[PDB]
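Some notes on the structure that comes next.
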Amino acid sequence: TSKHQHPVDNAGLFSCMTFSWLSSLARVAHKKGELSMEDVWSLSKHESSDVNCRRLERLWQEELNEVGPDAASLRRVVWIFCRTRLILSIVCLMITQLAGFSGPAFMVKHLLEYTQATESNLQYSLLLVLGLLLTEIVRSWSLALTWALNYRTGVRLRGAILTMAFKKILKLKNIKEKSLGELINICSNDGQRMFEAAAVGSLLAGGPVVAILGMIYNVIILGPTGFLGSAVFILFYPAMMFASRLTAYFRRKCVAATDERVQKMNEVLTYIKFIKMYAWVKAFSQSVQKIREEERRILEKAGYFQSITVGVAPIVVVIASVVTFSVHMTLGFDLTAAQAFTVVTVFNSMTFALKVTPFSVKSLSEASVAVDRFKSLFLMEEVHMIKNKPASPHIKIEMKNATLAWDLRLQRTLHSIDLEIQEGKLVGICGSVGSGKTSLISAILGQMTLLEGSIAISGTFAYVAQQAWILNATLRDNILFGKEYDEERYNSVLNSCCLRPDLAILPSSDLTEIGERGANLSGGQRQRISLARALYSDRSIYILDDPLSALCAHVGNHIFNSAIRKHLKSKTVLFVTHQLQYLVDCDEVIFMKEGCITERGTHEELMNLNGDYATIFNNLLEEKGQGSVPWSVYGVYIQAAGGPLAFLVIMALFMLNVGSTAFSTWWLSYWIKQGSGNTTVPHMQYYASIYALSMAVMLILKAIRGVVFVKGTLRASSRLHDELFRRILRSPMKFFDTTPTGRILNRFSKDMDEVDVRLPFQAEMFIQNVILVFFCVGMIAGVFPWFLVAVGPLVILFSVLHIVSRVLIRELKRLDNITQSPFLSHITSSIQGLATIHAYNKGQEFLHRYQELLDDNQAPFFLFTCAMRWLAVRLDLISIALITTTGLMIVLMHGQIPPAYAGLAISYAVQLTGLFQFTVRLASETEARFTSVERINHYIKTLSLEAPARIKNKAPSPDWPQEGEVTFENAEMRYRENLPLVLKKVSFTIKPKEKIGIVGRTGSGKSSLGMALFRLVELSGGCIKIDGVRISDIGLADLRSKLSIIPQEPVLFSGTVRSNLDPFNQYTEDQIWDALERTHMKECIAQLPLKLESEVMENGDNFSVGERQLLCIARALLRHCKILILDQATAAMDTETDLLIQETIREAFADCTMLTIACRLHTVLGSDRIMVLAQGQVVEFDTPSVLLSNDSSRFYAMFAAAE
Ligand SMILES: Nc1ncnc2c1ncn2[C@@H]1O[C@H](COP(=O)(O)OP(=O)(O)OP(=O)(O)O)[C@@H](O)[C@H]1O
Ligand SMILES: Nc1ncnc2c1ncn2[C@@H]1O[C@H](COP(=O)(O)OP(=O)(O)OP(=O)(O)O)[C@@H](O)[C@H]1O
Ligand SMILES: [Mg+2]
Ligand SMILES: [Mg+2]
């Protein structure tokens, strides 16, 4: 072991069958008033996701491969895995039923006979009391054993199924196509559903075993009454199956409706920096409110039928028995003299066992659709590393007339591709936005669908993507990627990528936290980190997807001359490019167009055959609470919309119902104390009719109260969620930067499952229990008020026990809820990088971390239920001992105590006891469960808030955007409130109608002049004004729409391109077509049947960045803002299209004030003025002509060094 004793799996002597191992933790629970992480007794090797998972996998694979897998019914999840553990429960249920039935029924009759004439004997009670004690002890022990077995056996199934699902998730999928938000919802919600169905769905078998016993007892006491019970039970059978059939469809529709809502919830989380400038927070709010309203309506419709089956009529049996008694009544019956109320009380006690059937049937019906869903997840294509084609030696990559394109129902893009690569050679492709030299790179990975051709490959890859993927670990761990530390190789890597000043500028040291996805670094730094990791990993084959795009000229030249030329000269490097500056030193160049290779060979041969591109080459052109749950959460919960009125109506209805049932009980009790037939006999029929109509009322009343309660609780939940969403949406940027996303999404997946499912039932049950107890104590105080002595000791000991167990219950629940968020964080952050993870073949480490996190989360689940079972056992034992003592008292005190004042003693007692036993358990249950509302309230207004959309008090005149005067003055920022300054002493004065180009060294600042305008930075020093009007005083909502920005990284939401094009439908139909046509996409849209309703998702995955950039250009063209700024709009674009692009930009915004950003000097030479910055400061600047004839100018030096 060496970790924890875990006394469950040993100590076979009389120490572990009863719940006694938890007495050790009860001391520590109240000694410190807490329970930390070091004394939780983590799970042993028995309940570990390493032994059961293998067995489940083997069983499922065998059941798949035995015959053709058409559907397989997924019967092996439940019926064959947890089978042997259910036979013991189903065989102990019969024992406990018989023990609870046979004993008391005869004992009460014998005690009544003894209280009739005690004067006969005195020692005849000892056998009776001994039998009573034996039966009670046997019953309680059997019940505790059954619950313990089911609780223990309900965990392993979920523990194995979760890891099976994740292991299936980690596979090569060409596209998601699964509404990614669904996958997370599959991991959490369906985890819970597979648990309850294994721990509750086992008491359904307890119905018939007692029904047959009741029928045979009735036929043995009365002759011809053995036929009506069977007839009235046959009619009861199909109602349950009808209920299940009706609820299955409702559950399926509800889960389908809630599938989509959580997907749109993820889109804002990972794109908040994008939709924070165009005030697109309005459409999404309306869309999510509409889908939430639809979900709430269907949930209410589903739940209305349930409230009618929480025991609307378990009195069918008593109604049938009363009808049989009244109809057959021959005015005396010649048999009913002493045991009149005994049989009625026994039959009333029968409802306790069968009151739990609806819960079992509902859980089974839900588990059916859960099984269907999990079956739907499997039976999909495992397309990865399958080619089934021969290879050849002395080569690494070989192709033979491949014909590939994105997704099986789309027009082919590549046809008849054939190429070869020699070992240790450098090859460049080059081309346009046509042939698409990104499908070729991904073809050999295995992510590309295949139709024909032949692909062969043998080796290892160090993949680099066009974008960047950065984990949450520290920088040194990111560079190492799970490798052994070194000193010489690490220093060589750091010196070979020109990374030294970047590491020196860090505040503390190299070891620093990065973030969720490298949100604290620029694009160039992320590219450099990815390149350094690929360089240090030391793999056989290097694949670079344009690693020299966003970076400058000098650093790129140095890296190519130092790293690629020398440090990587002993391996094979294959990379594509759009710039022909470095193609001189390359070995071979292969040119392909429109998916077809035209000419290939030595680069020196591409001079006279076709000088197409040569014209370009010619010259220049959390925290866990440490206290008890206060009443503030309850006050907030009841202060929801329509709270007090609904609560008062519900309480009044409940009080009236309890009064009615009390009056009926008194009526039947009085009727019991009457003549034994053959006297005063017509009134019986009238009384039966009165009783029948009374029941009716109660029923009607119970239906009404259920309806009202369901409506009120659902309204409260909807209002709470609607309040929460706006607060999360207006969260400042720093909160999103520090706190990971897995800490926010949890409150939207797990809390909403428990608040809207389990809470109302427990609340209503506790309310009913407390009103019944108060009525019983009032009645006891009413008649026979001379017995009010034991009440004090009873209440004080019960309070002592409750205050003893509540500490453990609360601490265990809090520790259970705390440790579930890193789970979701990891499962979210390990999906987006499927390509890189598959390339590096690093699934095992992620899987092991997943398993360890799952076990840590599952550790405190068992003890939470074990504590409640232990409390129930203690309460039952105490009550049994007290009633035994009171009965023995009776026994002894049977000579000089009249029976008139003692006949009802055992009666009222058993009720009182039972009522207290139920009350304590219900109170503990609700106190445990009411922590989710507090957890949601943890994000109350104490959290930071974004900035005030507007103000509506000092809005500027509508004619404000007239001049583009900008006056920068001392703009110094920190970006983290702790990090050192990134830009210092920035002051500019730009006259209206001016053009300025941006170019400079990597790192440093570029984009440098971003922020401090449309700013959300919490400016501390300096201030700027636009057109003579300050920026701090004016509101944000109006100001953000005045100017427009084209982001460097394209962003494309789901739905359609139109919705992005018009946030509010303020443009006609021809203007958008003209805008799309003007930028040379005449055939880029008409190629599809949809014209303006294109299906775009997942950041435009159909067409690559070459088209996403121009889509964003077209979108920003129609806005026509006062100031339109382009942030490096020529990242990956050809040279021929450049002119057209800049010509269109100049034609459109001829007089607008703009600041152009580009990575190429030759494409910025036309600007009126230029400026450059070295590290954090701007050097002297003027027109390009002035600085061109200046040897001592950095701009001329870098232009000359650009070659
Ligand atoms: N989101 C961020 N959070 C915190 N610090 C940041 C963030 N972005 C940049 N920095 C830091 O601010 C300083 C200036 O970087 P800046 O963003 O201006 O670079 P850049 O000009 O965009 O770079 P590149 O040319 O590589 O794209 C650097 O120290 C950088 O690490
Ligand atoms: N991420 C994607 N997922 C699915 N299909 C894609 C994706 N990107 C592009 N497509 C489809 O495949 C075709 C080929 O585009 P490809 O990705 O090869 O472009 P590219 O030339 O490399 O891009 P760029 O010029 O923007 O750098 C597109 O016209 C489109 O039909
Ligand atoms: Mg690419
Ligand atoms: Mg930038």
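As shown in the structure tokens, the chain order sets the letters A, B, ...; within each chain, residues go from 1, and ligands are also counted from 1 in the order they appear.
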* Determine which residues of region 15-254 of chain A DSSP labels as helix (DSSP H, G or I) from the backbone of this structure, then write them out as a ChimeraX atom specification. => /A:23-31,37-39,52-66,84-116,126-153,156-169,181-199,204-206,208-221,228-234,237-254
### Message
Which residues are close to residue 973 (chain A), i.e. within 8 Å by only C-alpha atoms, leaving aside same-chain residues fewer than 3 positions away? Reply as a list in words.
### Response
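Counting only the stated atoms, we get residues 981, 982, 983, 984, 1017, 1019 and 1020 of chain A.
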Exercise. Do you have the CA of residue 242 (chain A)-CA of residue 376 (chain A) distance handy?
Worked result: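 CA of residue 376 (chain A) lies at a distance of 25.2 Å from CA of residue 242 (chain A).
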Could the residues of chain A that have an atom at most 7 Å from ligand 3 be listed as a Markdown table, each with its closest atom pair and the distance in Å to one decimal, counting only C-alpha atoms and all ligand atoms and ordered by chain and ascending residue number?
| residue | atom | partner | partner_atom_place_in_ligand_line | distance |
| --- | --- | --- | --- | --- |
| A:437 | CA | ligand 3 | 1 (Mg) | 6.7 |
| A:438 | CA | ligand 3 | 1 (Mg) | 4.5 |
| A:466 | CA | ligand 3 | 1 (Mg) | 5.2 |
| A:545 | CA | ligand 3 | 1 (Mg) | 6.0 |
Need the shell around region 359-374 of chain A: protein/DNA/RNA residues with any atom at most 9 Å away, counting only C-alpha atoms. Skip same-chain ones fewer than 2 positions apart. Format as a VMD selection string? chain A and resid 73 to 75 77 165 186 190 193 to 194 196 to 197 200 to 204 240 to 241 243 to 245 247 to 249 251 to 252 306 310 355 to 357 376 to 378
Same residues, N, CA, C and O atoms, output as a short mmCIF file (atom, residue, chain, number, x, y, z; two decimals), in the first residue's frame:
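Now in out-v2.cif:
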data_model
loop_
_atom_site.label_atom_id
_atom_site.label_comp_id
_atom_site.auth_asym_id
_atom_site.auth_seq_id
_atom_site.Cartn_x
_atom_site.Cartn_y
_atom_site.Cartn_z
N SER A 73 -27.17 -3.69 -29.26
CA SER A 73 -28.09 -3.31 -28.20
C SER A 73 -27.38 -2.73 -26.97
O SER A 73 -28.05 -2.28 -26.03
N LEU A 74 -26.05 -2.70 -27.00
CA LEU A 74 -25.24 -2.32 -25.83
C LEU A 74 -25.83 -2.88 -24.54
O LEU A 74 -26.08 -2.15 -23.58
N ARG A 75 -26.10 -4.18 -24.53
CA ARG A 75 -26.59 -4.85 -23.34
C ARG A 75 -25.48 -5.23 -22.38
O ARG A 75 -25.77 -5.66 -21.26
N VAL A 77 -23.22 -3.21 -21.06
CA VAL A 77 -22.84 -2.15 -20.12
C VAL A 77 -23.33 -2.48 -18.72
O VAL A 77 -22.60 -2.32 -17.74
N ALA A 165 -14.63 6.29 -22.90
CA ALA A 165 -15.07 7.35 -23.79
C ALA A 165 -13.93 8.28 -24.15
O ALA A 165 -13.76 8.65 -25.32
N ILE A 186 -21.14 15.19 -22.79
CA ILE A 186 -21.17 13.73 -22.69
C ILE A 186 -20.32 13.26 -21.52
O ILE A 186 -20.67 12.30 -20.83
N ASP A 190 -23.58 12.42 -18.63
CA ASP A 190 -23.77 10.98 -18.76
C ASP A 190 -22.93 10.20 -17.76
O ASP A 190 -23.17 9.00 -17.56
N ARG A 193 -25.55 9.90 -14.87
CA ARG A 193 -26.71 9.08 -15.19
C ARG A 193 -26.40 7.59 -15.09
O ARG A 193 -27.26 6.80 -14.69
N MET A 194 -25.18 7.19 -15.45
CA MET A 194 -24.79 5.79 -15.34
C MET A 194 -24.56 5.36 -13.90
O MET A 194 -24.39 4.16 -13.65
N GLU A 196 -26.60 6.67 -10.93
CA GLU A 196 -27.88 6.53 -10.24
C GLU A 196 -28.61 5.28 -10.68
O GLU A 196 -29.16 4.55 -9.85
N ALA A 197 -28.59 4.99 -11.98
CA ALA A 197 -29.30 3.82 -12.49
C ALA A 197 -28.76 2.52 -11.92
O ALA A 197 -29.43 1.49 -11.98
N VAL A 200 -30.06 3.07 -7.58
CA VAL A 200 -31.47 3.21 -7.25
C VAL A 200 -32.31 2.18 -7.98
O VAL A 200 -33.24 1.62 -7.42
N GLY A 201 -31.97 1.91 -9.24
CA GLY A 201 -32.74 0.97 -10.03
C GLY A 201 -32.55 -0.47 -9.61
O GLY A 201 -32.20 -1.33 -10.43
N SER A 202 -32.77 -0.74 -8.33
CA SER A 202 -32.71 -2.10 -7.82
C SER A 202 -33.82 -2.42 -6.83
O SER A 202 -33.86 -3.54 -6.31
N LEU A 203 -34.71 -1.47 -6.53
CA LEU A 203 -35.83 -1.70 -5.63
C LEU A 203 -37.14 -1.95 -6.38
O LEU A 203 -38.18 -2.14 -5.75
N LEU A 204 -37.10 -1.93 -7.72
CA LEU A 204 -38.30 -2.22 -8.50
C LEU A 204 -38.77 -3.65 -8.29
O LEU A 204 -39.97 -3.92 -8.34
N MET A 240 -47.04 1.82 -15.71
CA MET A 240 -45.61 2.09 -15.58
C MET A 240 -44.91 2.08 -16.94
O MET A 240 -44.10 2.97 -17.23
N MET A 241 -45.20 1.09 -17.78
CA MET A 241 -44.57 1.06 -19.09
C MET A 241 -45.03 2.22 -19.96
O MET A 241 -44.23 2.78 -20.72
N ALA A 243 -45.81 5.18 -18.79
CA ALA A 243 -45.06 6.31 -18.27
C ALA A 243 -43.64 6.33 -18.80
O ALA A 243 -43.12 7.38 -19.20
N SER A 244 -42.98 5.16 -18.83
CA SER A 244 -41.62 5.10 -19.35
C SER A 244 -41.58 5.47 -20.82
O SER A 244 -40.70 6.23 -21.26
N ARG A 245 -42.52 4.96 -21.61
CA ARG A 245 -42.56 5.27 -23.03
C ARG A 245 -42.78 6.76 -23.26
O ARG A 245 -42.20 7.35 -24.18
N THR A 247 -41.97 9.24 -21.15
CA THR A 247 -40.87 10.07 -20.67
C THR A 247 -39.59 9.90 -21.48
O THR A 247 -38.75 10.81 -21.49
N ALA A 248 -39.42 8.77 -22.18
CA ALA A 248 -38.21 8.58 -22.98
C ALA A 248 -38.11 9.62 -24.09
O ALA A 248 -37.06 10.23 -24.29
N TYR A 249 -39.21 9.84 -24.82
CA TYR A 249 -39.20 10.81 -25.90
C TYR A 249 -38.95 12.22 -25.38
O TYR A 249 -38.22 13.00 -26.00
N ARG A 251 -37.28 13.07 -22.67
CA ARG A 251 -35.87 13.19 -22.33
C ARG A 251 -35.00 13.34 -23.58
O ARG A 251 -34.06 14.13 -23.59
N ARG A 252 -35.30 12.56 -24.62
CA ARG A 252 -34.51 12.65 -25.84
C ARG A 252 -34.59 14.03 -26.46
O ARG A 252 -33.57 14.62 -26.84
N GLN A 306 -44.24 14.08 -14.43
CA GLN A 306 -43.55 13.40 -13.34
C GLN A 306 -44.22 13.71 -12.00
O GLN A 306 -44.45 12.80 -11.20
N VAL A 310 -45.47 10.99 -8.37
CA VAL A 310 -44.58 10.95 -7.22
C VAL A 310 -45.40 10.34 -6.08
O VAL A 310 -45.14 10.59 -4.90
N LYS A 355 -43.65 2.63 -2.51
CA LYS A 355 -43.60 4.06 -2.79
C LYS A 355 -42.39 4.47 -3.61
O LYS A 355 -42.31 5.63 -4.03
N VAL A 356 -41.43 3.57 -3.85
CA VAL A 356 -40.18 3.91 -4.52
C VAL A 356 -40.15 3.47 -5.97
O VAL A 356 -39.14 3.69 -6.66
N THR A 357 -41.22 2.85 -6.47
CA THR A 357 -41.22 2.36 -7.85
C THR A 357 -41.04 3.46 -8.90
O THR A 357 -40.22 3.28 -9.82
N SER A 376 -24.14 5.54 -29.90
CA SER A 376 -23.99 6.39 -31.08
C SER A 376 -22.59 6.97 -31.19
O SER A 376 -22.10 7.19 -32.30
N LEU A 377 -21.94 7.24 -30.06
CA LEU A 377 -20.58 7.78 -30.11
C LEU A 377 -19.61 6.81 -30.77
O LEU A 377 -18.73 7.22 -31.54
N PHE A 378 -19.73 5.52 -30.46
CA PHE A 378 -18.87 4.52 -31.09
C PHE A 378 -19.38 4.24 -32.49
O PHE A 378 -20.23 4.95 -33.03
#
Item to complete: Would you list the residues that come within 7 Å of ligand 1? Count only C-alpha atoms and all ligand atoms and give the answer as a ChimeraX atom specification.
Response: /A:519-525,551,975-976,982-983,1001-1008
Please save N, CA and C atoms of the selected residues as a PDB file, in the first residue's frame.
ATOM      1  N   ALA A 519      -1.688  33.495 -24.507  1.00  0.00           N
ATOM      2  CA  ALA A 519      -2.339  34.779 -24.712  1.00  0.00           C
ATOM      3  C   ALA A 519      -1.486  35.958 -24.267  1.00  0.00           C
ATOM      4  N   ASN A 520      -0.371  35.717 -23.582  1.00  0.00           N
ATOM      5  CA  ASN A 520       0.497  36.791 -23.125  1.00  0.00           C
ATOM      6  C   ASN A 520       1.645  37.080 -24.080  1.00  0.00           C
ATOM      7  N   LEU A 521       1.713  36.387 -25.214  1.00  0.00           N
ATOM      8  CA  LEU A 521       2.816  36.525 -26.150  1.00  0.00           C
ATOM      9  C   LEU A 521       2.290  36.939 -27.516  1.00  0.00           C
ATOM     10  N   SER A 522       3.158  37.573 -28.300  1.00  0.00           N
ATOM     11  CA  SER A 522       2.804  37.961 -29.653  1.00  0.00           C
ATOM     12  C   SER A 522       2.893  36.761 -30.593  1.00  0.00           C
ATOM     13  N   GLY A 523       2.513  36.987 -31.851  1.00  0.00           N
ATOM     14  CA  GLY A 523       2.551  35.912 -32.831  1.00  0.00           C
ATOM     15  C   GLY A 523       3.962  35.458 -33.154  1.00  0.00           C
ATOM     16  N   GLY A 524       4.886  36.408 -33.291  1.00  0.00           N
ATOM     17  CA  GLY A 524       6.262  36.044 -33.586  1.00  0.00           C
ATOM     18  C   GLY A 524       6.891  35.211 -32.487  1.00  0.00           C
ATOM     19  N   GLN A 525       6.632  35.570 -31.229  1.00  0.00           N
ATOM     20  CA  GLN A 525       7.199  34.813 -30.119  1.00  0.00           C
ATOM     21  C   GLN A 525       6.645  33.395 -30.079  1.00  0.00           C
ATOM     22  N   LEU A 551       7.334  36.981 -39.124  1.00  0.00           N
ATOM     23  CA  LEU A 551       8.547  37.592 -38.608  1.00  0.00           C
ATOM     24  C   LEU A 551       9.176  38.523 -39.645  1.00  0.00           C
ATOM     25  N   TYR A 975       0.028  45.607 -18.909  1.00  0.00           N
ATOM     26  CA  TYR A 975      -0.686  44.466 -19.477  1.00  0.00           C
ATOM     27  C   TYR A 975      -0.991  43.395 -18.438  1.00  0.00           C
ATOM     28  N   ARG A 976      -0.415  43.507 -17.241  1.00  0.00           N
ATOM     29  CA  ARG A 976      -0.700  42.539 -16.191  1.00  0.00           C
ATOM     30  C   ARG A 976      -0.773  43.134 -14.791  1.00  0.00           C
ATOM     31  N   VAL A 982       6.172  47.376 -21.154  1.00  0.00           N
ATOM     32  CA  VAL A 982       6.448  46.816 -22.469  1.00  0.00           C
ATOM     33  C   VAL A 982       6.708  47.908 -23.499  1.00  0.00           C
ATOM     34  N   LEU A 983       5.977  49.015 -23.412  1.00  0.00           N
ATOM     35  CA  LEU A 983       6.240  50.204 -24.207  1.00  0.00           C
ATOM     36  C   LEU A 983       6.375  51.403 -23.278  1.00  0.00           C
ATOM     37  N   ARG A1001      11.542  45.486 -36.033  1.00  0.00           N
ATOM     38  CA  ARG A1001      12.110  44.245 -35.532  1.00  0.00           C
ATOM     39  C   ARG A1001      11.036  43.416 -34.825  1.00  0.00           C
ATOM     40  N   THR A1002      11.207  42.092 -34.858  1.00  0.00           N
ATOM     41  CA  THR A1002      10.294  41.186 -34.173  1.00  0.00           C
ATOM     42  C   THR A1002      10.440  41.365 -32.665  1.00  0.00           C
ATOM     43  N   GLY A1003       9.668  40.606 -31.895  1.00  0.00           N
ATOM     44  CA  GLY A1003       9.570  40.930 -30.487  1.00  0.00           C
ATOM     45  C   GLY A1003       9.064  42.342 -30.347  1.00  0.00           C
ATOM     46  N   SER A1004       9.693  43.104 -29.450  1.00  0.00           N
ATOM     47  CA  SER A1004       9.411  44.527 -29.288  1.00  0.00           C
ATOM     48  C   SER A1004       7.915  44.805 -29.328  1.00  0.00           C
ATOM     49  N   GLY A1005       7.504  45.857 -30.030  1.00  0.00           N
ATOM     50  CA  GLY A1005       6.100  46.121 -30.280  1.00  0.00           C
ATOM     51  C   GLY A1005       5.808  46.258 -31.766  1.00  0.00           C
ATOM     52  N   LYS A1006       5.117  45.253 -32.313  1.00  0.00           N
ATOM     53  CA  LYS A1006       4.355  45.413 -33.549  1.00  0.00           C
ATOM     54  C   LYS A1006       3.363  44.255 -33.684  1.00  0.00           C
ATOM     55  N   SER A1007       2.065  44.523 -33.539  1.00  0.00           N
ATOM     56  CA  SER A1007       1.352  45.765 -33.232  1.00  0.00           C
ATOM     57  C   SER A1007       1.791  46.469 -31.955  1.00  0.00           C
ATOM     58  N   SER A1008       2.325  47.675 -32.115  1.00  0.00           N
ATOM     59  CA  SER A1008       2.746  48.493 -30.990  1.00  0.00           C
ATOM     60  C   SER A1008       1.751  49.575 -30.615  1.00  0.00           C
TER      61      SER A1008
END
Near residue 26 (chain A), within 7 Å and counting only C-alpha atoms, which residues show up once chain neighbours fewer than 4 positions away are dropped, as a list in words?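 Skipping anything fewer than 4 positions along the chain leaves residues 22, 30 and 808 of chain A.
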Convert the current residue selection to file output with C-alpha atoms, as a PDB file, in the first residue's frame.
ATOM      1  CA  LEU A  22     -16.052   5.872   9.795  1.00  0.00           C
ATOM      2  CA  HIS A  30     -15.235  18.045  14.615  1.00  0.00           C
ATOM      3  CA  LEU A 808     -18.541  15.372   8.184  1.00  0.00           C
TER       4      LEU A 808
END
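The residue that comes closest to ligand 4, out of A:590, A:550, A:291, A:1186 and on the basis of only C-alpha atoms and all ligand atoms, is A:550.
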One residue among A:592, A:213, A:1145, A:499 is nearest to ligand 2 when using only C-alpha atoms and all ligand atoms, and that residue is A:592
Spatial neighbours of residue 640 (chain A), 12 Å, only C-alpha atoms, chain gap at least 3 places, as a VMD selection string:
chain A and resid 633 to 637 643 to 647 712 to 723
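Each residue with an atom within 6 Å of any atom of ligand 2 appears in the list, which was built counting only C-alpha atoms and all ligand atoms: residues 405, 406, 433, 434, 436, 437, 438, 439, 1101, 1102, 1103, 1104, 1105, 1106, 1107 and 1132 of chain A.
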re CA of residue 751 (chain A) and CA of residue 830 (chain A): distance 23.0 Å
Close residues, residue 156 (chain A) itself excluded, 8 Å, only C-alpha atoms, min 4 positions apart in chain, as a compact mmCIF listing (two decimals) with C-alpha atoms, in the first residue's frame:
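part_33.txt, written as the output of this step:
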# COMPACT_ATOMS: atom_id res chain seq x y z
CA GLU A 47 -11.74 0.72 -7.32
CA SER A 48 -9.00 1.83 -9.73
CA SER A 49 -9.48 2.67 -13.40
CA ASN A 52 -11.93 -2.85 -14.48
CA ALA A 160 -14.51 2.53 -16.49
